[PDB]
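The structure appears right after this line, and notes come after that.
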Amino acid sequence: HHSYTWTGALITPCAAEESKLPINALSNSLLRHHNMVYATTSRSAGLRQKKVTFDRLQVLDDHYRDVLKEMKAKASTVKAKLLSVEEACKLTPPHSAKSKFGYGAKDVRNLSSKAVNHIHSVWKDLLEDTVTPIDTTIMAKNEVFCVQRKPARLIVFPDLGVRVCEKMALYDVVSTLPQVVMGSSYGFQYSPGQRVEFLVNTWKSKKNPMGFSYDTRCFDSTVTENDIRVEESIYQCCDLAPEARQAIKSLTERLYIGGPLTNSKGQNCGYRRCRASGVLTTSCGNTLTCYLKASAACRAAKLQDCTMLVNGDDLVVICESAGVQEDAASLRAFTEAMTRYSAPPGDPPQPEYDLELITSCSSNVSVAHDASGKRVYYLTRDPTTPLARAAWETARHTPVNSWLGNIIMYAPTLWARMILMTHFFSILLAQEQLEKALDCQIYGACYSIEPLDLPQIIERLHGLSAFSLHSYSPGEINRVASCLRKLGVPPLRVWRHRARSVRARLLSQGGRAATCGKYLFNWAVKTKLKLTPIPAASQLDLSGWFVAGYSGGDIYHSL
Ligand SMILES: CCc1ccc(/C=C2\SC(N[C@H](C(=O)O)c3ccc(F)cc3)=NC2=O)o1
């Protein structure tokens with residue numbers, strides 16, 4: 001029951017890979033400790049293969065089946081529809097990996113004949129064949145981090161034609177099934193603000209609150225064939241068209257359960273018997289599986305008034321404390337149950353009695369104050385990785401602008417406002433590209449967003465208070481201060497001086513650019529403005545922004 005079997009062939013890159021942080025004339029204005037930033041490459045692929053390769057053992061008890069039965073009952077109320085080839089094509093990212101059959105992403109979005117014809121042949125084959133493993137490509141992810149160096153993560157994905165087929169049969173399912181089965185526990189249905197709200201209300205709903213995050217060690221690798229088949233049995237509970245049931249069964253048997261691994265050179269690298277990270281059901285499957293195992297584990301551990309929040313492989317549990325020693329015992333029992341379910345922890349879980357100290361989804365709840373001096377809760381995170389990626393994007397253009405996504409998700413934070421907003425708006429001003437739409441990701445989905453709409457986006461998602469937060473917590477202030485010293489980022493006085501310049505320039509620009517200066521940089525000036533609700537700013541269609549997770553799903557949503 002090994003997660004992977006290897007042949008010995010190496011995981012090759014598709015081109016040259018840079019490990020050192022690229023430097024240009026703008027780098028030093030953001031940070032000076034360039035040696036602290038690096039990017040993972042295929043050169044470390046071997047190290048990752050060792051960590052992700054191991055034998056899995058599963059002991060499934062009654063709690064597990066009782067939870068699965070309840071999950072299935074809820075899934076049976078779901079009615080999903082098949083997506084036409086056209087609709088599926090439109091969900092394909094403009095920069096999605098080209099097919100090895102004579103066409104690319106652009107060809108798919110344009111609904112070219114060759115692309116559409118090939119997609120129809122793949123679909124037909126899925127209906128006719130339900131046993132032949134489908135080929136997948138394995139690549140070493142190139143991600144930017146700050147030294148503490150971690151090995152590159154592994155990405156496994158099927159051909160573009162197959163991906164479009166996954167959308168046709170499962171897009172509607174993975175988009176609606178999760179919330180129905182897990183209810184309020186499904187994390188991707190919440191925007192950052194609503195997530196905070198849910199956590200805070202949950203924490204206050206307990207007499208003596210106790211919470212903990214559970215970090216599964218290489219979750220994808222802990223996912224067994226049983227887990228993948230159980231997920232399928234849940235999808236099959238929905239009301240689906242016969243053709244959709246057939247495709248789902250075929251995709252599960254031939255793709256989700258496992259398959260051969262081919263490198264960028266076309267060589268056989270090995271065989272996968274666990275979760276593929278680059279398929280449409282990756283986020284939905286991991287979420288359902290984590291929720292199932294964790295729910296059963298909560299019962300085995302006999303936790304009191306248990307409330308969970310699950311986002312893919314990320315999990316947070318808040319319950320009623322029964323004392324320090326008792327909680328420590330309940331946690332060990334939880335971890336033992338999870339281990340039996342094939343979900344061992346990377347780092348032993350610890351009980352927390354302070355909400356702000358619980359980190360889930362690489363984030364945590366913190367508190368600040370608005371203009372009225374009223375306490376306001378918001379979502380934050382350690383800014384180390386966001387700033388490292390910002391430094392990289394400062395000297396190199398990339399498919400996804402993490403800085404943009406971070407400003408949107410973390411607009412209320414001290415670091416996003418002082419540094420990210422200031423630094424990038426300065427750059428956009430100098431290049432006169434304020435109106436140039438840029439791609440970023442939100443819950444795994446790719447979006448094309450115009451920087452000039454940030455004020456409206458921020459007010460809608462975080463409220464006007466996001467433009468006037470002050471008096472951040474001691475812990476938050478210290479974490480940010482720590483990051484700035486580690487990377488060598490200029491102090492507040494410097495960013496304030498720069499923000500004043502950026503603000504003045506935006507104001508003169510008038511229109512949306514003026515709104516950006518007024519709201520985004522109101523913290524810069526000494527005599528803050530009243531900050532009245534933004535005028536005509538409610539046109540963007542943000543309805544599908546926080547519906548579900550799509551990490552690795554190759555999903556693109558049009559604004
Ligand atoms: C990292 C070191 C550091 C610098 C500044 C702080 C703490 C701060 S700054 C602050 N308010 C100011 C303000 O003018 O309202 C502020 C400054 C910068 C920003 F991007 C937002 C808000 N309230 C706090 O508690 O910590």
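By order of appearance in the structure tokens: chains A, B, ..., then residues from 1 within every chain, and ligands from 1 in the order shown.
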
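Using only C-alpha atoms, the protein and nucleic acid residues lying no more than 12 Å from residue 477 in chain A, apart from those fewer than 6 places from it along its own chain, are residues 366, 367, 368, 380, 381, 382, 383, 413, 414, 415, 470, 471, 483, 484 and 492 of chain A.
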
Which residues of range 143-214 of chain A sit at most 7 Å from range 120-136 of chain A, using only C-alpha atoms? Give each one's shortest atom pair and distance in Å (one decimal place), in chain and ascending residue order, as a tab-separated table.
```
residue	atom	partner	partner_atom	distance
A:156	CA	A:136	CA	6.2
A:157	CA	A:136	CA	5.2
A:158	CA	A:136	CA	4.4
A:159	CA	A:136	CA	6.9
A:161	CA	A:122	CA	6.6
A:162	CA	A:122	CA	6.5
A:165	CA	A:123	CA	6.1
```

Exercise for review: Just give me the gap between CA of residue 23 in chain A and CA of residue 499 in chain A in Å, one decimal is fine.
Suggested key: 22.7 Å

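Among the candidates A:1, A:109, A:460, A:369, the one nearest to ligand 1 when counting only C-alpha atoms and all ligand atoms is A:369.
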
Point to revise | All helix (DSSP H, G or I) residues (DSSP, backbone) inside range 239-305 of chain A, as an MDAnalysis selection string | key: chainID A and resid 242:256 282:300

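Among A:36, A:16, A:437, A:115, the residue with the shortest atom-to-atom distance to residue 147 in chain A, counting only C-alpha atoms, is A:36.
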
**Study point:** Backbone-only DSSP, strand (DSSP E) members of range 253-480 of chain A, as a VMD selection string
**Key:** chain A and resid 259 to 262 268 to 272 307 to 311 314 to 320 345 to 347 364 to 369 375 to 380 438 to 442 445 to 449

Each range 67-171 of chain A residue no farther than 8 Å from range 234-240 of chain A, nearest pair in Å, only C-alpha atoms, as a tab-separated table:
```
residue	atom	partner	partner_atom	distance
A:71	CA	A:234	CA	7.5
A:72	CA	A:234	CA	5.6
A:73	CA	A:237	CA	7.9
A:75	CA	A:237	CA	5.6
A:76	CA	A:237	CA	4.6
A:77	CA	A:238	CA	6.5
A:78	CA	A:238	CA	4.9
A:79	CA	A:239	CA	4.5
A:80	CA	A:240	CA	5.6
A:81	CA	A:240	CA	6.4
A:82	CA	A:240	CA	7.9
```

Save the residues we just selected, N, CA, C and O atoms, as a short mmCIF file (atom, residue, chain, number, x, y, z; two decimals), in the first residue's frame?
```
data_model
loop_
_atom_site.label_atom_id
_atom_site.label_comp_id
_atom_site.auth_asym_id
_atom_site.auth_seq_id
_atom_site.Cartn_x
_atom_site.Cartn_y
_atom_site.Cartn_z
N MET A 71 -22.94 11.73 5.92
CA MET A 71 -22.45 12.53 4.81
C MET A 71 -23.19 12.14 3.53
O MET A 71 -23.59 13.01 2.75
N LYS A 72 -23.37 10.84 3.33
CA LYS A 72 -24.06 10.34 2.16
C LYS A 72 -25.52 10.80 2.12
O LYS A 72 -26.05 11.10 1.04
N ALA A 73 -26.17 10.84 3.28
CA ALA A 73 -27.57 11.27 3.36
C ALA A 73 -27.69 12.70 2.87
O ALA A 73 -28.60 13.04 2.11
N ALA A 75 -25.53 14.24 0.87
CA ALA A 75 -25.16 14.28 -0.54
C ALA A 75 -26.29 13.83 -1.45
O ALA A 75 -26.35 14.22 -2.61
N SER A 76 -27.19 13.00 -0.93
CA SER A 76 -28.28 12.51 -1.75
C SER A 76 -29.29 13.61 -2.08
O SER A 76 -30.14 13.42 -2.95
N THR A 77 -29.19 14.75 -1.41
CA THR A 77 -30.13 15.84 -1.68
C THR A 77 -29.58 16.76 -2.77
O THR A 77 -30.29 17.65 -3.25
N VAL A 78 -28.33 16.53 -3.16
CA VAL A 78 -27.69 17.34 -4.18
C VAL A 78 -28.05 16.91 -5.60
O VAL A 78 -28.08 15.72 -5.91
N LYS A 79 -28.35 17.89 -6.46
CA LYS A 79 -28.66 17.63 -7.86
C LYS A 79 -27.62 18.40 -8.67
O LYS A 79 -27.58 19.63 -8.63
N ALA A 80 -26.78 17.69 -9.41
CA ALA A 80 -25.75 18.34 -10.20
C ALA A 80 -25.99 18.12 -11.68
O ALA A 80 -26.58 17.12 -12.08
N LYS A 81 -25.51 19.04 -12.50
CA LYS A 81 -25.68 18.93 -13.93
C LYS A 81 -24.34 18.83 -14.64
O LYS A 81 -23.32 19.26 -14.11
N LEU A 82 -24.36 18.24 -15.83
CA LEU A 82 -23.18 18.10 -16.66
C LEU A 82 -22.94 19.45 -17.35
O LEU A 82 -23.88 20.15 -17.70
#
```

Find the residues near range 321-326 of chain A: any atom within 6 Å, counting only C-alpha atoms, skip ones fewer than 4 places away on the same chain, and give them as a PDB file with N, CA and C atoms, in the first residue's frame.
```
ATOM      1  N   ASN A 208     -16.258  27.366  28.042  1.00  0.00           N
ATOM      2  CA  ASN A 208     -14.813  27.360  28.234  1.00  0.00           C
ATOM      3  C   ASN A 208     -14.207  26.853  26.927  1.00  0.00           C
ATOM      4  N   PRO A 209     -14.017  27.760  25.959  1.00  0.00           N
ATOM      5  CA  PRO A 209     -13.457  27.448  24.645  1.00  0.00           C
ATOM      6  C   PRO A 209     -12.027  26.929  24.652  1.00  0.00           C
ATOM      7  N   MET A 210     -11.779  25.947  23.792  1.00  0.00           N
ATOM      8  CA  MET A 210     -10.461  25.351  23.597  1.00  0.00           C
ATOM      9  C   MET A 210     -10.429  25.024  22.115  1.00  0.00           C
TER      10      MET A 210
END
```

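Shell of residue 52 in chain A at 7 Å, with only C-alpha atoms counted and residues fewer than 3 places along the chain excluded, is residues 48, 49, 218 and 221 of chain A.
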
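Of the listed residues A:276, A:458, A:45, A:292, the one whose atoms come nearest to residue 9 in chain A is A:45, with distances taken using only C-alpha atoms.
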
Could you build a table of the residues in range 114-203 of chain A lying no more than 9 Å from range 384-397 of chain A, giving for each the nearest pair of atoms and their separation in Å rounded to one decimal place, using only C-alpha atoms, ordered by chain and ascending residue number, as a Markdown table?
```
| residue | atom | partner | partner_atom | distance |
| --- | --- | --- | --- | --- |
| A:143 | CA | A:389 | CA | 8.4 |
| A:144 | CA | A:389 | CA | 5.7 |
| A:145 | CA | A:385 | CA | 5.5 |
| A:146 | CA | A:388 | CA | 6.2 |
```

**Study point:** Spatial neighbours of residue 229 in chain A, 12 Å, only C-alpha atoms, chain gap at least 2 places, as an MDAnalysis selection string
**Key:** chainID A and resid 223:227 231:236 248:258 274:275 285 289

Point to revise | Closest of A:489, A:416, A:559, A:411 to residue 462 in chain A - atom-to-atom distances counting only C-alpha atoms | key: A:411

**Study point:** All residues 12 Å or closer to residue 91 in chain A, only C-alpha atoms, same chain fewer than 6 positions away omitted, as a PyMOL selection string
**Key:** chain A and resi 83-85+105-106+108-111+160+163-168+171-172+280+445-447+550+553-559

Selected residues written out, N, CA and C atoms, as a short mmCIF file (atom, residue, chain, number, x, y, z; two decimals), in the first residue's frame:
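So the final result, stored in again_22.cif, reads:
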```
data_model
loop_
_atom_site.label_atom_id
_atom_site.label_comp_id
_atom_site.auth_asym_id
_atom_site.auth_seq_id
_atom_site.Cartn_x
_atom_site.Cartn_y
_atom_site.Cartn_z
N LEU A 83 -21.68 19.81 -17.54
CA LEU A 83 -21.35 21.06 -18.22
C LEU A 83 -21.11 20.76 -19.70
N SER A 84 -21.61 21.62 -20.57
CA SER A 84 -21.40 21.44 -22.00
C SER A 84 -19.92 21.66 -22.26
N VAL A 85 -19.44 21.17 -23.39
CA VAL A 85 -18.05 21.33 -23.75
C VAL A 85 -17.69 22.81 -23.72
N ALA A 105 -4.46 26.02 -24.35
CA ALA A 105 -5.51 26.68 -23.59
C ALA A 105 -6.27 27.70 -24.43
N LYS A 106 -5.54 28.55 -25.13
CA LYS A 106 -6.16 29.57 -25.98
C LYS A 106 -7.10 28.88 -26.97
N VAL A 108 -8.63 26.18 -26.65
CA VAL A 108 -9.80 25.68 -25.91
C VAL A 108 -10.77 26.80 -25.59
N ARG A 109 -10.27 27.93 -25.11
CA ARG A 109 -11.14 29.04 -24.78
C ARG A 109 -11.82 29.57 -26.04
N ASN A 110 -11.12 29.51 -27.17
CA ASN A 110 -11.69 29.98 -28.43
C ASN A 110 -12.59 28.92 -29.06
N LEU A 111 -12.68 27.76 -28.41
CA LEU A 111 -13.51 26.68 -28.91
C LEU A 111 -13.10 26.25 -30.31
N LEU A 160 -4.67 18.32 -20.89
CA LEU A 160 -5.69 19.36 -21.00
C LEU A 160 -7.06 18.82 -21.43
N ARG A 163 -8.70 17.30 -18.53
CA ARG A 163 -9.09 18.33 -17.57
C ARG A 163 -10.43 18.96 -17.97
N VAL A 164 -10.59 19.26 -19.26
CA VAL A 164 -11.85 19.84 -19.70
C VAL A 164 -12.98 18.83 -19.43
N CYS A 165 -12.67 17.54 -19.58
CA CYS A 165 -13.66 16.51 -19.32
C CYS A 165 -14.02 16.45 -17.84
N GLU A 166 -13.04 16.65 -16.96
CA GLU A 166 -13.31 16.63 -15.53
C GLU A 166 -14.32 17.72 -15.20
N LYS A 167 -14.14 18.90 -15.78
CA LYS A 167 -15.05 20.01 -15.53
C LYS A 167 -16.47 19.68 -15.96
N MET A 168 -16.60 19.08 -17.14
CA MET A 168 -17.92 18.74 -17.65
C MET A 168 -18.71 17.84 -16.72
N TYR A 171 -17.53 19.70 -12.32
CA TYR A 171 -17.49 21.08 -11.87
C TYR A 171 -18.66 21.49 -10.98
N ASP A 172 -19.87 21.15 -11.39
CA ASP A 172 -21.06 21.49 -10.63
C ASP A 172 -21.08 20.75 -9.28
N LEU A 280 -9.30 18.30 -10.75
CA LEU A 280 -10.43 19.11 -10.30
C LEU A 280 -10.98 18.76 -8.92
N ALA A 445 -8.84 29.35 -7.51
CA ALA A 445 -9.37 29.78 -8.81
C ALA A 445 -8.62 31.01 -9.30
N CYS A 446 -8.45 31.11 -10.62
CA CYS A 446 -7.74 32.23 -11.21
C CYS A 446 -8.72 33.33 -11.62
N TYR A 447 -8.38 34.58 -11.31
CA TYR A 447 -9.23 35.73 -11.63
C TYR A 447 -8.43 36.85 -12.29
N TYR A 550 -10.64 25.44 -5.31
CA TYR A 550 -10.28 24.84 -6.59
C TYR A 550 -8.77 24.62 -6.75
N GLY A 553 -7.18 22.67 -9.41
CA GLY A 553 -8.27 22.32 -10.31
C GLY A 553 -8.26 22.95 -11.69
N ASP A 554 -7.31 23.83 -11.96
CA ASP A 554 -7.20 24.46 -13.27
C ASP A 554 -8.49 25.23 -13.63
N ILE A 555 -8.98 26.03 -12.68
CA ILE A 555 -10.20 26.80 -12.86
C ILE A 555 -9.97 28.30 -13.05
N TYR A 556 -10.70 28.88 -14.00
CA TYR A 556 -10.58 30.30 -14.29
C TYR A 556 -11.98 30.89 -14.34
N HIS A 557 -12.19 31.97 -13.59
CA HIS A 557 -13.48 32.63 -13.55
C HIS A 557 -13.38 34.02 -14.15
N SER A 558 -14.32 34.35 -15.03
CA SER A 558 -14.34 35.66 -15.67
C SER A 558 -15.07 36.68 -14.79
N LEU A 559 -14.52 37.88 -14.70
CA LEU A 559 -15.11 38.94 -13.89
C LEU A 559 -16.08 39.80 -14.71
#
```

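One finds CA of residue 270 in chain A at 26.7 Å from CA of residue 118 in chain A.
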
**Study point:** Surrounding residues of residue 371 in chain A excluding itself and chain neighbours under 4 positions, 8 Å, only C-alpha atoms, as number ranges by chain
**Key:** A: 465, 468-470

Review point. Which one of A:196, A:442, A:11, A:480 sits closest to ligand 1 if you count only C-alpha atoms and all ligand atoms?
Key: A:480

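For the choices A:524, A:420, A:39, A:57, the atom-to-atom distance to residue 19 in chain A is smallest for A:39 when using only C-alpha atoms.
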
Point to revise | Separation of CA of residue 402 in chain A from CA of residue 532 in chain A in Å | key: 29.0 Å
